[PDB]
Amino acid sequence: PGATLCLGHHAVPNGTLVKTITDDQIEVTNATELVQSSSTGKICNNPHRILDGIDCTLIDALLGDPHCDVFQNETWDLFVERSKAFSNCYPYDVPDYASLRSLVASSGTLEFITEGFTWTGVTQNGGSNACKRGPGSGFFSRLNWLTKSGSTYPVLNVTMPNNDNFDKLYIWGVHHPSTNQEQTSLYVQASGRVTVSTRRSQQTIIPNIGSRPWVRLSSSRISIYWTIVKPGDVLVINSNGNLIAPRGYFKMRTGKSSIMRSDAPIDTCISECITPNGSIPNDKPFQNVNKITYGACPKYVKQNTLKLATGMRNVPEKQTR
Amino acid sequence: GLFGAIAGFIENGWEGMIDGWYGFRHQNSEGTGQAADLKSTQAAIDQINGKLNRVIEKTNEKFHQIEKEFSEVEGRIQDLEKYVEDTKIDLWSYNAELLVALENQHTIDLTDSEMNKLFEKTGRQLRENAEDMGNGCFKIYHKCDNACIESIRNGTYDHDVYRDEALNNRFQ
Ligand SMILES: CC(=O)N[C@@H]1[C@@H](O)[C@H](O[C@@H]2O[C@H](CO)[C@H](O)[C@H](O[C@]3(C(=O)O)C[C@H](O)[C@@H](NC(C)=O)[C@H]([C@H](O)[C@H](O)CO)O3)[C@H]2O)[C@@H](CO)O[C@H]1O
Ligand SMILES: *[C@@H]1O[C@H](CO)[C@@H](O[C@@H]2O[C@H](CO)[C@@H](O[C@@H]3O[C@H](CO)[C@@H](O)[C@H](O)[C@@H]3O)[C@H](O)[C@H]2NC(C)=O)[C@H](O)[C@H]1NC(C)=O
Ligand SMILES: *[C@@H]1O[C@H](CO)[C@@H](O[C@@H]2O[C@H](CO)[C@@H](O)[C@H](O)[C@H]2NC(C)=O)[C@H](O)[C@H]1NC(C)=O
Ligand SMILES: *[C@@H]1O[C@H](CO)[C@@H](O[C@@H]2O[C@H](CO)[C@@H](O)[C@H](O)[C@H]2NC(C)=O)[C@H](O)[C@H]1NC(C)=O
Ligand SMILES: *[C@@H]1O[C@H](CO)[C@@H](O)[C@H](O)[C@H]1NC(C)=O
């Protein structure tokens, strides 16, 4: 009278299908998901400093659209631009909008230092009913509309050296009147010009007289430009008309700041990774939520699921039915 | 699998075994019983936990990047921005697909391996006192009471004790 000893392995009633070298589907005892495919719908307010733009684009906040004055001197790790946002100041354009938006978004700050520019022989602080500020007409907070004094617009020629140890960002512009009457009425000279220069670079913009579409009470436009001035360099502004002058400079930082377009509400929670769909967990290596991400995120992939086998081959006993 | 134990010479698994991954089933004078093997079970799990921690190993923290959605048709520069991102995603999609394929092929082969390692270890314990039936079962050629079975399972079985008894039963 002997004895038998059988070796074997476990199995489970509910197995999981996985992919391998040789099989597109094959059953295992357990697997785990490597693609994060869902979000809370909400952007967690920690650990990143989230700044909700609300009614404002970063650019309108930069310039100082009156309804965006609450963003003066603000800072962020992630500026969040909403689809509901609108401009409500003088109508403007930014040649290379994308780049100004990017470089500011990256800088992570709207810190503005006012400087004492001396505009000899011109009227300052021009305004418009396009850009109301309280009951009366107004203008962008960080720009200074210059028009004639008496009946003359002299050659403006001013300097502002950088004796700090940080880069200065100057934001300035040029006014494009709709009619020749307007050009001369505001600036005397029939053709203006704005030349903004440092030691290394220069920008010269000729204004262009012509109607544009009527937008917030005006067929005119202001074009926006920027000049960065390095430590030890100098800024020169030379204009005989149409200058929209800076009031100072924005401070520039470098770091982890960015910008995102999203209508997800901001909530109280902690999530390292942010998408426009909302925050997502980062325990998995991959994600299918959105290619746009910010922070410590899983890598975006096209697959909505990838199962990593965490168990042997599942072999249930030979079924009689 | 590469070793052909799991889904191979062992016809199927045991839904009954809820206390381990690999193990033993016996029939002797005193009845039948089941016990899981802790060492082989732990080796499979440790290796799988090992690779799991490696795969979920956080890398990748990105802040300011490029824009990836556009409200205007712009042409060349935007074509390039899209192409760069589309190129990236396809390459990461491939790395993901290959990763799981390789990992899962290997997970299956290594669990198959551990089953085989336990089987070969057990056969070696029994020396000339048992024979491989060919289905993952050894026919032992002697009286093996529950003390004797547990000796095989906890690794203390002396084959000399039962050798003359067993050798006789094999060739008679
Ligand atoms: C058919 C017709 O009427 N054509 C336009 C005419 O409407 C237009 O007049 C302008 O109308 C707007 C409202 O739509 C403003 O009221 C303009 O006045 C102000 C302004 O508030 O914007 C007054 C303000 O004091 C001015 N500021 C300075 C610093 O000069 C500004 C400013 O000059 C203009 O915004 C410059 O574009 O205007 C009022 O003039 C005229 C104006 O060019 O054009 C006809 O063709
Ligand atoms: C417009 O404004 C700018 C800046 O305010 C003026 O530039 C300055 O021009 C003067 C000469 O016109 C330069 O002076 C020179 O300085 C050197 C030493 O650095 C000296 O050796 C020379 O003998 C000479 O005097 C000065 O460097 C220069 N500075 C800058 C920052 O540009 C410009 O003259 C103004 N022009 C008009 C028409 O108003
Ligand atoms: C934004 O912050 C700056 C400082 O980073 C403020 O500028 C100071 O303003 C005071 C009061 O007018 C001046 O006396 C100082 O000279 C400025 N500081 C420096 C370092 O130049 C500015 O007032 C802030 N603005 C808002 C709206 O908060
Ligand atoms: C995350 O958000 C994007 C949109 O912001 C979702 O993708 C869009 O939805 C449908 C397809 O399901 C399409 O009509 C859109 O064109 C898609 N846009 C893009 C850019 O692909 C996406 O499904 C959301 N994912 C989750 C998990 O919420
Ligand atoms: C199987 O893996 C899942 C994750 O997909 C996990 O929740 C669970 O703990 C595992 N189950 C067993 C029986 O080990």
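All residue numbers here begin at 1 and follow the chain in the order shown.
Cβ coordinates are placed from backbone N, Cα and C, and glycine is handled just like the others.
According to Swiss-Prot, the disulfide bond annotation covers A:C44-A:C269, A:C56-A:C68, A:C89-A:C131, A:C273-A:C297, on the basis of sequence analysis. Marked as N-linked glycosylation site by Swiss-Prot on the basis of sequence analysis: A:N14, A:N30, A:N73, A:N157, A:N277.
Location within the structure of each feature annotated in Swiss-Prot.
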{"residue": "A:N30", "record": "N-linked glycosylation site", "DSSP class": "coil"}
{"residue": "A:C44", "record": "disulfide bond", "DSSP class": "strand"}
{"residue": "A:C56", "record": "disulfide bond", "DSSP class": "coil"}
{"residue": "A:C68", "record": "disulfide bond", "DSSP class": "helix"}
{"residue": "A:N73", "record": "N-linked glycosylation site", "DSSP class": "coil"}
{"residue": "A:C89", "record": "disulfide bond", "DSSP class": "coil"}
{"residue": "A:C269", "record": "disulfide bond", "DSSP class": "strand"}
{"residue": "A:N277", "record": "N-linked glycosylation site", "DSSP class": "coil"}
{"residue": "A:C297", "record": "disulfide bond", "DSSP class": "coil"}
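A:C68 (disulfide bond) and A:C273 (disulfide bond) are 27 Å apart (CA-CA, integer value).
For A:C131 (disulfide bond), the nearest of the recorded positions by C-alpha distance turns out to be A:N157; the candidates were A:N30, A:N157, A:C269, A:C297. Note on A:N73 (N-linked glycosylation site): other Cβ atoms within 10 Å of its Cβ, all shown chains, come to 11. Here the recorded positions are A:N14, A:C44, A:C68, A:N157, A:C269, A:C273, and none sits under 8 angstroms from chain B, going by CB atoms. Contact annotation for recorded positions (A:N14, A:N30, A:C131, A:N157) versus ligand 3: none, no CB falling under 6 Å from a ligand atom. Within the same chain, the residues at least 6 positions away from A:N277 (N-linked glycosylation site) whose Cβ sits under 8 Å from its Cβ are A:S39, A:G41, A:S262, A:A264, A:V289, A:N290, listed in sequence order.
In terms of C-alpha distance, the listed recorded positions A:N14, A:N30, A:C68, A:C89 place A:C89 closest to A:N157 (N-linked glycosylation site). Taking A:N73, A:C131, A:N277 as the candidate recorded positions, the subset whose CB lies under 6 angstroms from any atom of ligand 4 consists of A:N277. Among the recorded positions A:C89, A:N157, A:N277, the residues whose Cβ lies under 6 Å from any atom of ligand 2 are, in sequence order, A:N157. Look at the disulfide-bonded residues A:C44, A:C56, A:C269, A:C273, A:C297 and count other Cβ atoms within 10 Å of each Cβ; A:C269 has the fewest. With a 10 A radius on its CB, A:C68 (disulfide bond) counts 27 other CB atoms from all the protein chains. Comparing Cα positions, A:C68 (disulfide bond) lies closest to A:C269 out of the recorded positions A:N14, A:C269, A:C297. Here the C-alpha separation of A:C89 (disulfide bond) and A:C44 (disulfide bond) works out to 32 Å. The recorded positions near ligand 5, defined by a Cβ under 6 Å from one of its atoms, are A:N30, chosen from A:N30, A:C44, A:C56, A:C131, A:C269, A:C273. Checking each of the recorded positions A:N14, A:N30, A:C56, A:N73, A:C297 against A:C44 (disulfide bond) by C-alpha distance, the shortest gap belongs to A:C297.
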